[PDB]
Amino acid sequence: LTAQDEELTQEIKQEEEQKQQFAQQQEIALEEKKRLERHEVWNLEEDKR
Amino acid sequence: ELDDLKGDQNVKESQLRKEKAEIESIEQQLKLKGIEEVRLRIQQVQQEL
């Protein structure tokens, strides 16, 4: 049970890390969708700075 | 206190990664901008989302 507990601890940690990775990717995808949608030129030139 | 400071620093690092990714996205949209290119990139972003 100690070995299984260690395995579960590691697995839960990695799953939370992957959840955060997916959350980051999702947020950036939404942002890129926004920038692809409307006001592309001026927004692109303004934001980078 | 150390745990709180490390959590805040990691939050800042995550935001920094997000901003780097958004700069990359701005550069990519600047390179790509074009009605056909915009359509394809919107489709790609939808698939990624």
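Scoring rules and cut-offs
- Residues numbered from 1 in each chain as written, not as in the entry; some residues may be left out.
- Chains lettered and ligands numbered in written order.
- Part of a larger assembly, values for the part shown.
- Heavy atoms only, no water.
- Contact = heavy atoms within 4.5 Å.
- Buried area = accessible area lost by both parts, 1.4 Å probe.
- Salt bridge = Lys/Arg side-chain N within 4 Å of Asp/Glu carboxyl O.
- Polar contact = N/O pair within 3.5 Å; in protein donor to acceptor, adjacent residues only side chain to side chain.
- Helix = DSSP H or I, 4+ residues; strand = E, 2+ residues; numbered from the N terminus.
- Nonpolar A, V, L, I, M, F, W, Y, C, P; charged D, E, K, R; others polar.
- Axes fitted to C-alpha atoms, helices over the stretch in contact; angles between N-to-C directions.
- Parallel < 35°, antiparallel > 145°, perpendicular 65-115°, else oblique.
- Left-handed = near helix turned anticlockwise from the far one by under 90°.

Per the PDB record, this model was obtained through cryo-EM at a reported resolution of 3.5 Å.

Visitor: Describe the interface of chain A and chain B, listing the residues and the values that go with them.
Guide: Between chain A and chain B, the residue contacts involve 16 residues of the former and 17 residues of the latter. Roughly 1700 Å² is buried in total at the junction of chain A and chain B, and carbon and sulfur atoms are behind 71% of that figure. In terms of surface lost to chain B, no three residues of chain A exceed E32(A), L36(A) and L44(A), which account for 37% of the buried area on that side. Across the chain A-chain B interface, the total number found is 3 salt bridges. The residue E27(B) makes a salt bridge to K48(A) at a minimum N-O spacing of 3.2 Å. Where chain A touches chain B, the interface holds 5 residue pairs in polar contact. Within the residue set of the side of chain A that touches chain B, elements represented by two or more residues are helix 1 (2-37) and helix 2 (40-48) of chain A. Looking at the side of chain A that touches chain B, the element that brings in the most residues is helix 1 of chain A, giving 11 residues. In terms of residue class, the side of chain A that touches chain B is built from 6 nonpolar, 2 polar and 8 charged.

Visitor: How would you explain the packing of helix 1 of chain A against helix 2 (residues 35-48) of chain B if you had to name every residue and give the values?
Guide: Close contact between helix 1 of chain A and helix 2 of chain B brings their axes to 10 Å; oriented N to C, the two are set at 160°. Overall, the two elements helix 1 of chain A and helix 2 of chain B adopt an arrangement that is roughly antiparallel. Crossing geometry of helix 1 of chain A relative to helix 2 of chain B is assigned as left-handed. In contact with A29(A), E32(A), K33(A) and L36(A) of helix 1 of chain A, helix 2 of chain B contributes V38(B), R41(B), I42(B) and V45(B). A per-class count over the contact of helix 1 of chain A with helix 2 of chain B returns 5 nonpolar, no polar and 3 charged.

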